[PDB]
């Protein structure tokens, strides 16, 4: 069977700022504000307030990823993958469903990784929202944080 490498592009939206300012804001040590995407079949795929989008790898306003993580290989072909993403985009991943804490770019990548390789992405990435929420900081800014939508420019709808 033809095998296609699957990568998880990792971006620290805070560019290291969350690393030092996290103890002074949340009183807890966070290593970054993780934004991830799935790179497969030569293209980068992510979910934001605009829904599922794609771009050439490292092609958003965010620039090159801070880390490229190997997820595994998948047998899912390009045409089957696009059909899969299309199906998600019309059901559980419309732009309206975006939520900073429970339905974000990492929720997307995690579910996509599982589908393509049977593996989930690292908990330190997906658990970030709960780590922020479980603090006075997070509880006070909950209303504001729940109002936040993220959509890195540069991609086009799938």
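Residue numbers count along the first chain shown, from 1.
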Can you let me know which of the two, 27-35 or 118-126, has the higher average C-alpha B-factor in the entry?
27-35
With respect to the recorded C-alpha B factors, which stretch has the higher mean value, 50-58 or 104-112?
50-58
Member of 133, 40, 69, 92 with the greatest C-alpha B factor (per the PDB record):
133
Which of these has the highest Cα B-factor in the record: 150, 141, 13, 10?
141
Quick check on the deposited entry: does the C-alpha B-factor of residue 76 sit in the lowest, middle or highest third of its chain?
highest
